[PDB]
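Read from first to last, the chains carry the letters A, B, C, D, E, F, G, H, I, J, K, L, M and N; within each, the first residue is number 1.
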Amino acid sequence: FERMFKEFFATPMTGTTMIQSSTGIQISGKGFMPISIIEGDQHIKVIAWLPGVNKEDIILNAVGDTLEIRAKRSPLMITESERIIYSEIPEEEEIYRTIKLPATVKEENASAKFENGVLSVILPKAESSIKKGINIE
Amino acid sequence: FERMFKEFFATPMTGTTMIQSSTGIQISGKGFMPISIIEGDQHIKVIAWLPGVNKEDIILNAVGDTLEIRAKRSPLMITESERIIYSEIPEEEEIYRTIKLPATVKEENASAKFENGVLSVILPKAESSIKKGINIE
Amino acid sequence: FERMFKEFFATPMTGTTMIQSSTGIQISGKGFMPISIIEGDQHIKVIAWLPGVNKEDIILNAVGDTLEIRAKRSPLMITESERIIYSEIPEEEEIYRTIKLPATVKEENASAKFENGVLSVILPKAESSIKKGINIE
Amino acid sequence: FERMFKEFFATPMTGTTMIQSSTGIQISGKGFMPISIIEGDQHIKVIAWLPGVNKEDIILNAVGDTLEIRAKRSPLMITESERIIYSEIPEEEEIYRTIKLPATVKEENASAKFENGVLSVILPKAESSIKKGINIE
Amino acid sequence: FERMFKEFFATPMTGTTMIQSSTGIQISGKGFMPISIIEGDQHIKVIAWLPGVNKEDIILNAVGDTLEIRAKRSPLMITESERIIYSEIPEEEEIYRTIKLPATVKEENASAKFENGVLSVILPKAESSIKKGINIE
Amino acid sequence: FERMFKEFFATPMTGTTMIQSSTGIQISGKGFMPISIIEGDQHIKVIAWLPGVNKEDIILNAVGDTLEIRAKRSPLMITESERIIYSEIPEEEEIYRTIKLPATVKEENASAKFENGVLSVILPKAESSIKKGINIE
Amino acid sequence: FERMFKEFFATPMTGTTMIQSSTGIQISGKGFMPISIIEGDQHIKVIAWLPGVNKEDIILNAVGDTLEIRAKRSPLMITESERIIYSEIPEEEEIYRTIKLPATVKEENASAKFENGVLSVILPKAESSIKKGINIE
Amino acid sequence: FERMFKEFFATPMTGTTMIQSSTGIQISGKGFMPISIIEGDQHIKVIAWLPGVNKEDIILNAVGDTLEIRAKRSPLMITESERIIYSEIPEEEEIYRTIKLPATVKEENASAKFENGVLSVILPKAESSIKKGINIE
Amino acid sequence: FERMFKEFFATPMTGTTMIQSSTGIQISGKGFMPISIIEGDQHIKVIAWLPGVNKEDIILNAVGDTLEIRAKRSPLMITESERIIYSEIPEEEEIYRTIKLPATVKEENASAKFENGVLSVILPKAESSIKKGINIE
Amino acid sequence: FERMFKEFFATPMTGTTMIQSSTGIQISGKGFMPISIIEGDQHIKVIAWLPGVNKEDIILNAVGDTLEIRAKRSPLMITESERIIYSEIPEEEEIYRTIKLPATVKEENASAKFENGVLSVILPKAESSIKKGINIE
Amino acid sequence: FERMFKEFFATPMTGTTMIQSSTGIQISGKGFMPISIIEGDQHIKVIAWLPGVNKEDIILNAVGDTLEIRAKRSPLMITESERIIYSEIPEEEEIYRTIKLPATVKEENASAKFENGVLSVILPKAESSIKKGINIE
Amino acid sequence: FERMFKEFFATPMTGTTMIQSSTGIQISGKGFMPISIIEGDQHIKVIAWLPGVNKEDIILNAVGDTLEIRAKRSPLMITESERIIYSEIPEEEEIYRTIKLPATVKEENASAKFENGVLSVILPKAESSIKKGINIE
Amino acid sequence: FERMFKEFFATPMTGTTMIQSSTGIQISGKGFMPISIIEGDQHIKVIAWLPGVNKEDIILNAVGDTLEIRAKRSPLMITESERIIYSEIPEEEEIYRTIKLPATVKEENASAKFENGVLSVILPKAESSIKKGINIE
Amino acid sequence: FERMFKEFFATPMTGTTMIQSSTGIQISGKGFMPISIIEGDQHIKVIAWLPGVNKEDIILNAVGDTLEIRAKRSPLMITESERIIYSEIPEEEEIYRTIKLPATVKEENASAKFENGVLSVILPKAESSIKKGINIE
């Protein structure tokens, strides 16, 4: 049955509904929301693909080492004469992701941008999480 | 090995690289581009998710009953201090889809909109493809 | 043997004796106690089904981000002339659940209600766990 | 796939939706309703767990050797700010059980009690079903 | 695991705990009680092996087409110096069988004998169950 | 085929025909004869279930560390009008068990009782098999 | 047997004898002839590897959207003293490929070059297959 | 997965990348280079298919009983408007084969020809490897 | 091979060498050391079986919510004339367990007793881990 | 299911309940009691791990070539406020081992010591079991 | 396919690219970097094998209970005449390891040495992680 | 069991203990020593990773077409207070590799360098192994 | 894995470490010691292969019907310059066999010879084990 | 069938009849002859176990890099009254081993010793096989 699902290759509908992923960071949520975490020495960059989501429909909250991205995408409106004969776009409306970052961030200084359906969040690291350099002799 | 791939649940990277799907319409391409086809009595609506693609990087061409969507998404630029510790966003740059529509369209009257990373293409059906109504007695 | 257990479908007796579930919240316990966690912006609501448990037999304690629900249900008393020919109700008496919440709560302000065998616990979130809003530009 | 369901251990949602069980008594229904049948010499006791069901929402009808328990549990109301991050409580609203008793009962003298979400029904046996004693020599 | 149980060959402990057997007669019960049903033209003979059961501990009731045999065998008493190093005798105390006969019997005229741990029950058939002879030409 | 035998659950007929069991005591025989061995400091108690066996049909012989129980149960006599439609009682007539005890017994002082189809044999241990106590310091 | 073929790794002899491949273009033929199709906006380039084929032995015909490449490679001539102790080069003489292009081409303006055993065919697209550009607003 | 690879039948890309073949002659290399060895009484003929390789890009060296064929094929150049929609030609650029011949050859007298992408190498056998004739009586 | 290990039943040598167990408490170590954790309202009791360990060879350290038990058992000394023909006692000398308790303890007030090879450790809970009682209305 | 038991790694509870082990010495018993037998030229040393057993609760008897170790360990007493959240210590109370030694011992001269939960029994060999030396020429 | 990988035994290339290992310490990274953690009473020693890494290319940062080792090894430079016919050394350039230590360390007092490609890091434990000794009575 | 080893991913300990690898060059040895062979027209470069090996502990001998690398790495010294809780570094001390080169080398002119735990050996090829160039016409 | 062991064919190291063989004679021991038992009418001949064992290192003891052969073979001494590249000889030093003969022997008259590493033991049968002849009529 | 052979554990008869083993040295022969090869800087030591072989029955020949050991062991002579009831000693008479050494030896200076059934052969290495030392800088 697994090869069949792969043969159907309906990966967006079958996929991108993950409930628990551990990479040393625990991500739990619902719906399609690919996430990329890019950690610098002073901040963390989170890239989230929210295609078809309006900027006003994104609720972005963070605290400590946890980031919550809640968004709702209005489903594709169709006239009565129109009918979806084929569709790969997930129909799920309320999508969300809870991202447990590996470092504490200063949510009071965080900022986020939403361009072309790409949410880029900048989270400055807390002083308690900025690593020092161990001199090698 | 199939359950493992499902357990990894890396569906965007493993998925959304389909080469041949037949729903009575033949779609061949490369990369991540979910497509929804919504056929009316006078036109066909194609919804394509091109997150992170600039409007100038989308080449949209159509003829007869075939639609070609070519787009390139610049990869995520990172400083030398920054590093991708986790990423679900497909890294593939040049994405494309070749959609063989089930009806002939008037490409000279087609139009497309690109909002929030959602490409909506309107393709009026040709007079030779508009179906007549069979009266039932 | 798995299909047989499913064919027997004795899910309450076989089921609802979970020792370790992780949803990003770790729940460990013994016996039948379905739990629903409903997190708001200012509090957490825990719904626990304690059918046949008296209000005086429920010990509800919480601290930090951990909630302990201990309860004992007196087994079904039967006369010597009476005999259980069929039973799906779990016979286990001492049931309990240890719920590790994802946020710190103010146990000094928590409250709980027990109606129709449904335990509803209200746990206000601590100021250190209330998430701030990241403005999107 | 069976071990996986057991590993998921979501027995309430997967379980307690039995359509046909024969113990010499045929029980058919929908939803979660554990039943215990305790037969005496003069009556039959039916224990049904209806957690979260109001007494006014239980329709209890019986005739001959068949007992029908119909009940509806209002789903968990949540504010727009609140969201179910985790839930083991079955969401099914209209639950019911049709119990074919092994003996004829006098439905005109039956009684039932509903305490702590436990429905206890007393069904006196008909004179045609009260067994006589065979003296052993 | 099945061959292992057969290799262990602990058939009394593993076996003789049947809950549902249909031979056109439905037998449901608990414990070890081999049953033989020997139907004549005017009566039904039931042979039940109740080894180690006292005559006073056997409750024999019947009605219509159902026979209930309830008996309890006191477990093997042992001194503190004595210890069961090996045992094949089932330890279950309360044994019972519910036998649904294929014909209606006159329980008011039934009789039973208990010799050498063998219960022999005589159940005269009701006039409504005595079959007539179809002459063949 | 093993699950089928278990589904048939004809354990008395399939079972209780063991030819070689080792528990440190070797038991070999034919037919249905559950045995329990209960060893004290001064004697050994053997409990054998011989349902439907007459006291005159039991030949009980012992020597050294071996016990032989031979018995024959007359089969269920039936009239020509009567017919076994269902039977779980083993039809085998000549049953026997050869029990190799773990200790030497004084067969000249052994005694046995036969009540309710239960054979209880008392075998005093020989002086060469009575264990001494090792004082612990 | 599949791993064995892979272990033998005789891929040219076992491989490159495909009868039906669909990439949205249907290729049917016999023998070893790797094909690469490189579609531009105004023409289609077909690269075919015809090692050891003389230019005079290649018959190249096209019409509409179908291209037929027929060629014969003279087998390796050997003296009577010489003998093939090892060979991976396919011995098949008459090789051919029928390529159904996805667009109509102007066979009257097509050209082909044969250098180093590489056949490069240029097929200008017909005006009915040149796609127009859909302006995006 | 093996049948799938055979069903994909992408034998050139999957195949022709052999690292170790023993026919009594050991061939190790990288890339696609079918080899045929044709041994005479006085010389050895090696046929290597180097389609699309220029004569100046072939480095042919030999010594003792080992032959090394190194060649690089420039990849298929494509305009920005052109795109490979389908390709069976291996993309690997640097191909090579190390052939351990079964006989010592006089590399100072060897010669090679490169026509139609077929490399034909003539390697005269050393006097120490020319076999004598054993007269049969 | 798993049934064989179970048939060998060498569970002490094969078993009791666990490296990672999660019960909501993480235990990592080496060697045979069964652990029982018994949590009260004011303290935690840890029972560790250290058979053959001298009181002076047990190093018991704790901090925060982690308990480390290090002990070494001198191996069984044997004369040259003596030889281990059979042994189930694990030969491993340096055994240890790292127990991450679920609550913070006051290591400055902890105490432990070692009797009959049973280590009983009393760890008073910290004020920050003592749970309060939520009144139910 | 075997790998699962190994993954659970509950070897003390699953293990150490062996009923029949033959190493040329037959050991039968119940419960957890690792045994090491160390045979010298003049005696046999038996090491038994009886953790948590009081010296007064050990009954040590021997005769001929058989050793019986009977002991009972009082279960872990817990206050009503205390609860076993985790436990690897076997709960079985009455443990015993019957060891059939390979040589006859003089039980009248045997001695045993019980230190740190380790029972060490010294059993002098009988003159009939002391082996003589065969001179080699 | 697993035995094949083991038969290939290319463990460095296949291996040493671990993303998530839990020993009660969580290690996540990329590339080949064997790690040994040696915990004392006052410090933690981390041994990392960084063969072919220059001391200036190692970035060693630590904070709290997490250690990050970032290093880049310049790939093996080869002349155009030189070619890697065989290689087991991983080609990956940017290697890194993120080590979550089990105890908090004083990164301000840490030191590291790099000799013979072995990185030895000394991390003094914080006062909050130094365990006290529980006296045993 | 193979997937388990891969899941354990202990590739250094399980791996890098190869006894026989043939790439047309036969390598036999013991321990962890990744080898890269880089063959030029006039010499052979061998790169061996000997992390933690002192230059004085490497014995490098060669003759003809065989290279022997013998080295011993002193194991990680630890204080009695220190203990290896986690380790991926192979503990094997005496490592060695026997490399049969494909060409004869002039061991009298060979040289080797040992930097950062990387052994680089330069082996000039013998005149009898330097390949000549076959002119292509 | 079994075929692999057979393919490795390391039968001496894997083999000849038998712990329990029954041919009606029970042999238990450790190490490599092939045994041949050749029973005559008046004696028993035991042939044991003790290659590399000195006559002074063989301890041969017998009594009743049991024979114990204990021997130690000094391991192969090697200079520091010498190294075992290949070895099939078992490295185990202390080898032994316990042979339970089928007849009682007179150990006071037994003799043994040790030539070419072959131990030949002559054990005269006891008068109680010499069989008489049953005349056939 | 493989586990059965292992259960039979007749490794000498089944084993030690190897026809082709490659350790970089090729050993082919017949019969039981364990071989250990111990290579020094100036010689090679071959240890062969020839139990029960007379010194006059060993033919030891060597040349170049090949060693041939031929020996015949007279089978165990038995009187007509004597009979092999049990035997593990291989019955094969003519045993032999052909050992291809990795280095050329000076057979004119070789020597061999035969003590306790152990053949020790000393083979001085030829000057062409003595490896030189590559100085490391």
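Quick note on the criterion: contacts are C-beta pairs under 8 Å (C-beta built on N, C-alpha and C of every residue); 3 or more make two chains touch, one makes a residue touch a chain.
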item	value
Rotation, 0 to 180 degrees and nearest 5, that superposes subunit C on copy subunit I via CA atoms	90
G-H compared against A-K, more contacting pairs	G-H
Counterpart interface for I-K, drawn from C-D, A-C or G-H and sharing over half of its contact pairs	A-C
Intercentroid distance (Cα basis), subunit N paired with subunit E, Å	73
Mean-CA-position distance for subunit E and subunit C (Å)	44
Whole-Å gap between the CA centroids of subunit G and subunit J	79
Interchain centroid distance [CA atoms averaged], subunit J/subunit L, Å	51
Residue numbers of subunit K (touch at least two other chains)	1, 23, 28, 83, 85, 98, 102
Subunit E-facing residues of subunit F, complex	2-3, 5-6, 9, 11-12, 14-16, 18, 21, 23, 25, 34-42, 45, 47, 49-54, 76, 78-79, 81-90, 102, 116-118
In the complex, subunit N residues that touch subunit L	22-24, 102, 128-137
Complex interface listing, subunit B residues touching subunit G	19-20, 26, 28, 55, 58-64, 66, 68, 98, 100, 107-108, 110-114, 119, 121
